[PDB]
2 protein chains.
Amino acid sequence: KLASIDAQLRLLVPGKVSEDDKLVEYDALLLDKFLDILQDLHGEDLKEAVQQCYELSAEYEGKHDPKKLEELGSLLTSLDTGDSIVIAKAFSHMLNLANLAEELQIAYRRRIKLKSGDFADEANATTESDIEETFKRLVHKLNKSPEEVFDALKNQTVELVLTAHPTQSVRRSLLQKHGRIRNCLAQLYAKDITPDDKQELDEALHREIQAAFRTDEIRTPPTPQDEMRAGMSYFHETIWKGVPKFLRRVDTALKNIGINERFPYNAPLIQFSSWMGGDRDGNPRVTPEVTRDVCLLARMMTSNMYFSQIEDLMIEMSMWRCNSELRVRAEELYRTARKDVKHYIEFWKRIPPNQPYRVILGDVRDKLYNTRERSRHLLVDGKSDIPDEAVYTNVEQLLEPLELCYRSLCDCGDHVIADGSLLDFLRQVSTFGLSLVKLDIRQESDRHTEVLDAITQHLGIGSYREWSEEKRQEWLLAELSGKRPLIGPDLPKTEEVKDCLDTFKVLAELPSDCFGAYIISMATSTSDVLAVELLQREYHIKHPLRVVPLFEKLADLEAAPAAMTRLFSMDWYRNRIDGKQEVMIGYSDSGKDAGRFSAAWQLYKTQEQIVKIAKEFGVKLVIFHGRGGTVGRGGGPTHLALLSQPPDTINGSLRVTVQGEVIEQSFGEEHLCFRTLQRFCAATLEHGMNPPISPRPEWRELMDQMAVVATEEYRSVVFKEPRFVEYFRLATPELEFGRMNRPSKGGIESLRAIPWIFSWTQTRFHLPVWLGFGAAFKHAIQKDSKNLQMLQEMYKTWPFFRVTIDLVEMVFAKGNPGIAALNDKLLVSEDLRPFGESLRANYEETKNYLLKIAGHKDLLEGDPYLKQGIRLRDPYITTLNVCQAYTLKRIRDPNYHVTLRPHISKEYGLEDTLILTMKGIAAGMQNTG
Amino acid sequence: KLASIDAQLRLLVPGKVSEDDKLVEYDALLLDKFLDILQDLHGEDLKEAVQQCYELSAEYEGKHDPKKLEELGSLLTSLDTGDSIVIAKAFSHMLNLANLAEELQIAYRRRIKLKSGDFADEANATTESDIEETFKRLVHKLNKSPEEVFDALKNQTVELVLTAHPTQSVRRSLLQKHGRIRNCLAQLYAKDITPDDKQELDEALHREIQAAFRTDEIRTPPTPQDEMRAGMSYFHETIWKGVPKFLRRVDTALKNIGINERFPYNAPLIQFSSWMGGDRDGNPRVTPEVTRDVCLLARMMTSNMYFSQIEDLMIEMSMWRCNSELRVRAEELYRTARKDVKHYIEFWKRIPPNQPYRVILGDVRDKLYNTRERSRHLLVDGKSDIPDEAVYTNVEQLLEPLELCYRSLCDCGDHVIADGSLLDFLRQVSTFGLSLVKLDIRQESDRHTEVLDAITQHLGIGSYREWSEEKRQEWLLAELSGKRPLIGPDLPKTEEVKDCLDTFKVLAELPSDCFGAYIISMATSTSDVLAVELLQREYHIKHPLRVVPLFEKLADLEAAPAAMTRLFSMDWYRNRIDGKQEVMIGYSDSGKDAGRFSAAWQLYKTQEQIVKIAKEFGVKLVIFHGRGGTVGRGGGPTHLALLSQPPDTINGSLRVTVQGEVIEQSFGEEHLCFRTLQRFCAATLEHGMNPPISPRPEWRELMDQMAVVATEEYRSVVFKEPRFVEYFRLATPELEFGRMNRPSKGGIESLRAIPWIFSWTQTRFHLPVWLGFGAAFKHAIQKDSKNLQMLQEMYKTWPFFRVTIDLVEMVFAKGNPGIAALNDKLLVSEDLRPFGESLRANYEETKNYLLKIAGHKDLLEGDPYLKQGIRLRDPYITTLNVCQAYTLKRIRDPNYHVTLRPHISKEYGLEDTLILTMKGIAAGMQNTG
């Protein structure tokens, strides 16, 4: 029964069910159908086993009786390889279904009608300000005129940079199955459904769930080209159409505040970018050829998407009334027109001149087609005979005939028609250009040092690497105005040096609209930035990429201001950057060095300090937000996170990472996609005209004191404990993540931020996110009892503090120290168990101080809808945690034996199970630190 | 205001508004937006004029005060050419909008839950039996087993033959605009609409209405190729997808009566055919080249439609598990696979062998593409180098790889997935084949006589035309077993004779799956059918088309049985037709000869008589229903019409005309499309197992007596009144319909049935539908007062009689003798006005007898939803009737002058106005006789 499954699920999540709360119902219906499918595909016995795992896990999540985890363990460790794989597949699949259901629930959850106005309303999707409410607050509360608001938005840019799913790039095919499951589900709850439609939707739902489950081939890692193409799927699914839907909402909002024009179609309000095939930091599989291929793939896809919708527009543009300008152009094209068959779906004969818009758009289609085919031949054959004037090489060439269509309609009395699909198409072109994402390159500073050292030594003038910072600067500036090239044809090159040089060669050869920033990982100094500038000059790149330092460690953040000041003082550099500089911060990176509490506070300060330095030098600064920050959460929390930024750090230009493990939530469902674009646009606009409060001096002082203590605790555990590393390798699947791939790892310091966060997320322990907050809180409270109240006032009143605590609280809600205890017991040697125990004691204490500061008795009592979503996924994740724990034992320990049950599944090893459990646990945990 | 427009509209149609009745609301909203658009495009003044015409017409339709028609006349006759055209365009457009609204209302009108079981429930869409209810009645009331019902449906065929819109083939582009207006409208009434969505849908609705209005270019008639392509648009809009949606409902219904398999994908339950480019009866513009072109166009479109959906199926069919058979075929195709770019939207690189279903479907796509391109080159270049094994020449070749995909899924445990899009695709292929319509040829008997007369005289053996029927038969049978060809290279040929011979040449050259029946217009005799058989033999056509006589006049219907008996007695013919014969009837044709009452009754008898003769000779008979019958109404009335057929006249095979003026209603909106397919399938099934009652002898006798009297009255008015023709030319726009084109016209007898019906429909008088019923009723009632009760019992109890009266009653509801009176007064000479008056007196008397027999006080009190729809269109049609009447005066009468108002419209002769009024009046009247 459905009702019995509803019953079990409902016990897991008490709450106050009104009509729009269907999430438990959705999950029951999906689980019920998936169980039928399992019985069908694999037999009743296997179905009963899955059920039993689910039941035991759900009971355990109810009362947390250890006994239920043991029974779950006994069952799971008795399964053979074949049955283990089916079970891990089953539970992974259920997590995806649950996520789709949750998306549908967020999409249809009722908006709160009367918002209290407190900034806390912007943390929650049901309460946050939409774009019109944002306009109205600025007008009526901050006394901006409608014209000032309109003018600021017209000059605003929001750039979202997509990074790779750290664990499982989802293929286009499966994504589309997920979308259809989500739709069947929505339609089953449509008002006024006939019984036959319900029966047929039911069978469709069943069929899709099965199709997705059976898309499950398990040998080779995915190539970076395939990872990029997978990572681009969301444009087709939602973003492509989502952009003009949101820009049309902006028109509507403008109209409602008394602005009587549309948002200009070519204002570059939204821009997407990518790191897929561009980031080679610690990753030698990202070669110059990879980068070339992803640029051409992005070009091929973009021109293909315009091509694949142009015929629809041609069909609509049947109108025969046009202006002179377009008439003349149409008759030109008509006279030079081919007498014969074009192998297209729709307009295959010659287009007659009384269909003038079709004649214009017919020529655009041919260009799009050739533009697409050139890219394809360049990818597959290594070059192309297709000439430049047969294709679009600049976006202006594509806009022009569309603009001509627009004006001609306007001039003939049809403005209204122009503002339909034509306007949407113009906006798509202006937003995606000829490459729907611009690609950032990233490489670490030491690689550039190595390249330049090879050059200096071959020149016989010494060793760049040995040179002091002052001497580096001096030589770099001399060569940046040099009169001859640096690199001769006999320069000796190691493979790494060659690889780095040849990247610049790809940058010089490809069009500049393929590229965004050149990010320098591990940047520390002025010379790091000049080094990249010299290499671009040496390759004579016609439009050099802007060079963007990423300062990672705490010490690097502290040295950033002097580095930026020095750059800005240099005439060559000032002239080169033309009033603009972008700097990147990496929350997870900095947090791996110094603990998340101190990284958060330091990043607040460093941003303040760089903003001031930029003003002083008359430079416009963009802060590029790397992964791990409150702004990377997605959903409503992102809205308040953005508003929490230090004053003047946005200033009309937002650039943020959309982390791969967040892209599905942010963009998979069309309503969420629309809301995601909206909150980025609204928050960015608001912040420049309505900064949060600046902190009280007492608050800064306490933050400083707390950071010293947090950093000390985090570093004594992570870096000074001589056996932390050995513990970490036993308690987490960190090593196995490595040997089943980027590459991952000199200890934790040389371990990358993603494997660090990921490994502890897998054990439901999350040490990287919380460690250090505990000592900070305790020390503050014990030094002066009054600090408890100060910290509570900061939570209630200082948006930065509020969002910083909320993220840690969400992570604690995804935690379970029973899973970590189980891993200790199974996997850690006896002499290191006390260490694990003492970390669990810190977890508890740190959680409780956080709760006390937030004024909560229970985790997430602020946010019951989020808590509900996390709780409904828990039983699935827990089953995977237990399966994984015993799998790791079997893999590691040739001594370990258990009696195996006879094979359960019909139809009609260990490493594979582990990869399944790792991916499913990650899909259920989504973002943390 | 919207509310004020709602108010006026509501007065027109009193009734008992529950929540699902929104039609008045829809019409108000559409008119309100269209008025804004008129003001915008053409100025406030013109908007006020339109409004004023609408207001005056709506008032007139309320109380029928003559004064309101006069004022409407004064206003309209004062407009210049430019303003007249804008006004006629405006009112035509509003009629289309109203029709779209009505469609949406029929689609969402609530079903009656408890049906009374009376056959009268099958006349109305809210009460008719759906396919499952049909199954259940057969099982529980007629004691059929589920298996017997399943088996009869599996052997059933429903063939729908599409004919050309008699007045305005609507182009694809405009059709799609209409669809989007209909959707915006539906979405504006969606439950739980946000205000911004409502504002944006509103602006979208406005924009579409404008786009459709401005698709309005007015020189050349449309070529028959363009008329056919226009006429095929409904496949893309609804029928293509509608077929598998209905066949899936059949699966569901079967399951619900205990049949646990799907309806076989290749049972040929549904077949579409066409006359567009095949009918040349009285139409010399339909040449052999036209026929060749429409066959190739149908082939091109069909393969294009499969091509344009195959990539979607490829995307879904990502599964890697396949059986041996498919594995082997995939590895074959993979080895012989091209290394390089295919210029397709989706799978442009070589498909890998671990995507086996994609490999199979990739090869299908290439074949589809080549099949499509061959047809295109044959059309545009006159031939093609594309060889046979590069394309599909038979449908089996396309089914085979799809069947292989199906089996492989089933064999690997994925039956459920197979039954999704794959199953739909299989059904589409089985239903549309390689030519989505098969083409009937039609030509009149006398043309074949003329051809054979040329042959006999060139041979020196006499004149076929002078030969008696017996001598014709004798010679035809001798030559049908002849040993040498008839036609030598020097046969003298007039253009007509050549044209007729060359059609046979096209039939011999093209594939047989392009063609259906060869219909003989004006058939009278056995030799007429043998004549066509001899010509096909002479051209050595490998699969000769079946020859189908159309017996038109009453005398021809009476001679049909002896003609069929003689054919069936001839061994050569029996052997040729292999147990099957199709005969055609033409309701409108027969009604033009003898009056509609007598044609209806005679057609009932003739069908009975031919059915019996077929049984006796062991031949299966199909009766092909031509236009003008109760079965051509569309909507629910069609359901009872089909059930009304004489016993055994369907017998598992239905063939009916879908008239061009009905196609929009039947197929334009996806729910109506689904319901149309459903009632054809359900009624055909039911009838063979549940014939209506056969009439009582007293009823036959009275029907006979009534026919003698009806025919006499109809013929004395139409054929024996020496000035009827002269009256008809003045009172109707018949002549102008001619000189603005098929061709149209020896008096009424040589006038074609469509111009006859059409001309009287235009004046809202409809003489062809009702004339004769009056004398029949009166004579019956006056001969014996008891006949009134007999006729009422027939109405209540005899489905044939009931449906025959209902059609005439619907036509009276579309009538208005005020419009005919106005035409008399304006257009008819004084000495013929009394004639017109006496016809109006007959109209009134005939209507009243009909009402009395039906037991109604008011027209259509049976069917208030239909009455409501007709009444809401009336004001628009009336404005066009008045405009037309004065336009015809101006065109005909150089003496007629009126003072013209200064030009009203901004922006930024007579013949054109007339064509607009004629098309709009026809679109508002839809089907009558």
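Conventions and cut-offs
- Residues numbered from 1 in each chain as written, not as in the entry; some residues may be left out.
- Chains lettered and ligands numbered in written order.
- Part of a larger assembly, values for the part shown.
- Heavy atoms only, no water.
- Residues with missing side-chain atoms left out of burial classes, pairs and counts.
- Axes fitted to C-alpha atoms, helices over the stretch in contact; angles between N-to-C directions.
- Helix = DSSP H or I, 4+ residues; strand = E, 2+ residues; numbered from the N terminus.
- Parallel < 35°, antiparallel > 145°, perpendicular 65-115°, else oblique.
- Left-handed = near helix turned anticlockwise from the far one by under 90°.
- Contact = heavy atoms within 4.5 Å.
- Core = buried A, V, L, I, M, F, W, Y, C linked by side-chain atoms within 4.5 Å.
- Buried < 20%, exposed > 50% of the residue type's maximum accessible area, 1.4 Å probe, protein only.
- Pairing = 2+ DSSP bridges.
- Nonpolar A, V, L, I, M, F, W, Y, C, P; charged D, E, K, R; others polar.

- Determination of this PDB entry was carried out by X-ray crystallography to a resolution of 2.24 Å, according to the record.

**Concerning the packing of helix α10 (residues 224-231) of chain A against helix α12 (residues 288-316) of chain A**
Residue and element names in this part refer to chain A.
- In contact at an axis separation of 10 Å, α10 and α12 are set at 30° when each is read in the N-to-C sense. Relative to α12, α10 is oriented roughly parallel. Crossing geometry of α10 relative to α12 is assigned as right-handed. Each of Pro224, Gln225, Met228 and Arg229 in α10 lies in contact with α12, whose residues at this interface are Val290, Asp293, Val294, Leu297, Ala298 and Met301.

**Observations regarding the nonpolar core**
- Formed by 157 residues in total, the largest nonpolar core has its most connected members in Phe135, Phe272 and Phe667 of chain B.
- No other element matches the 14 residues that helix α12 (residues 288-316) of chain B contributes to this core.
- Non-local contacts of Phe667 of chain B, meaning those with residues more than four positions away in its chain, are made with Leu160, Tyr234, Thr238, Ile239, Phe272, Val658, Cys673, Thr676 and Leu677 of chain B.
- Within the second largest apolar cluster, 154 residues are counted, among which are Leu361, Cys500, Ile577 and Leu685 of chain A.

**Some points on the sheet that holds strand β1 (residues 157-162) of chain A**
Residues and elements named next belong to chain A.
- Here 8 strands make up a closed barrel; going around it, the order is β1-β2-β3-β4-β5-β6-β7-β8 and the pairing parallel. Recorded for the sheet is a direction-independent mean angle of 25° between the axes of neighbouring strands.
- In this fold helix α18 (residues 445-458) packs onto β3 (438-444) and β4 (515-521), with an angle of close to 70° to the strand it touches most, β3.

**Notes on the pairing of strand β3 (residues 438-444) of chain B**
All names here are of chain B.
- The buried fraction of β3 amounts to 5 of the 7 residues, a majority that puts the element mostly inside the structure.
- Sheet topology note: the strand β2 (residues 270-274)/β3 ladder contains 2 bridges and is parallel. Each bridged residue has a counterpart across the sheet, and for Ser273 the counterpart in β3 is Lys438.
- Strand direction decides the pairing type here: β3 and strand β4 (residues 515-521), joined by 5 bridges, are parallel. The residue bridging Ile441 from the neighbouring strand is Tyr518, located in β4.

**Observations regarding the interface of chain A and chain B**
- Facing the 67 residues of chain A at the interface are 67 residues of chain B.
- Mapped by element, the contributors of at least two residues to the side of chain A that touches chain B are α8 (172-188), α9 (195-213), α11 (233-256), α12, α14 (356-380) and α16 (415-418) of chain A.
- Counting residues per element, the side of chain A that touches chain B draws most heavily on α9 of chain A, at 9 residues.
- Each residue belonging to the side of chain A that touches chain B can be placed in one class, and the counts come to 19 nonpolar, 17 polar and 31 charged.

**Considerations on helix α10 (residues 224-231) of chain B**
- Turning to α10 of chain B, its buried residues number three or more, namely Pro224, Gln225, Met228, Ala230 and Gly231 of chain B.
- Tucked into the core, α10 of chain B has its buried residues touching β1 (157-162), α11 (233-256) and α12 of chain B.

**Overview of the packing of helix α2 (residues 23-42) of chain B against helix α8 (residues 172-188) of chain B**
Residues and elements named next belong to chain B.
- Packing of α2 against α8 leaves a shortest axis separation of 11 Å and a crossing angle of 120°. Between α2 and α8, the crossing angle belongs to the class labelled oblique. Regarding α2 and α8, the two cross each other, and that crossing is right-handed. When α2 is examined against α8, the residues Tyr26, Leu29 and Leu30 are found in contact with a partner set consisting of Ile181, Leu185 and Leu188.
- Grouping the amino acids of the contact of α2 with α8 by side-chain chemistry returns 6 nonpolar, no polar and no charged.

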